[PDB]
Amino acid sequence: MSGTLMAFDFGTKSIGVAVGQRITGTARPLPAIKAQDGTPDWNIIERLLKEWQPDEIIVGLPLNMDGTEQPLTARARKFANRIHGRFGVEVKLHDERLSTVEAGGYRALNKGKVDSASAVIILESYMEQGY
């Protein structure tokens, strides 16, 4: 086990991506992957997996604030299943409940990585909770 982990935050127009290392206990965003009604260019994922060789992949399971499922939940499950079927890598789901984001010299990451922020949160959550 290399300790390398990868997480995806499923979306219909964009799928966030983060990579983590158990060895250092950290995670960071990679550029998000554009999607066409949830379908990515699978060669991007193939490349990411071959280069990072993650021990396992984590996909967020989207849920409402109260924990109930939403329309997107089923599609995220299909996505997680398709990564496992196409690449053989172990895929784990991790709950991702919606929450309120609370309400000049400013600096922000480039858009591609900003679009992967939820994937970094998923992966930090997964590691912090001890999975």
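Quick note: we count residues from 1 along the sequence shown, nothing fancier.
The deposited sequence places 4 to 9 unmodelled residues between residue 103 and residue 104. As recorded in the PDB entry, 107 to 115 is the stretch of 107 to 115 and 5 to 13 with the greater mean C-alpha temperature factor. When the two stretches 63 to 71 and 35 to 43 are set side by side, the higher mean Cα temperature factor goes to 63 to 71.
Looking only at 50, 84, 94, 77, the residue with the top Cα B factor in the deposited structure is 50.
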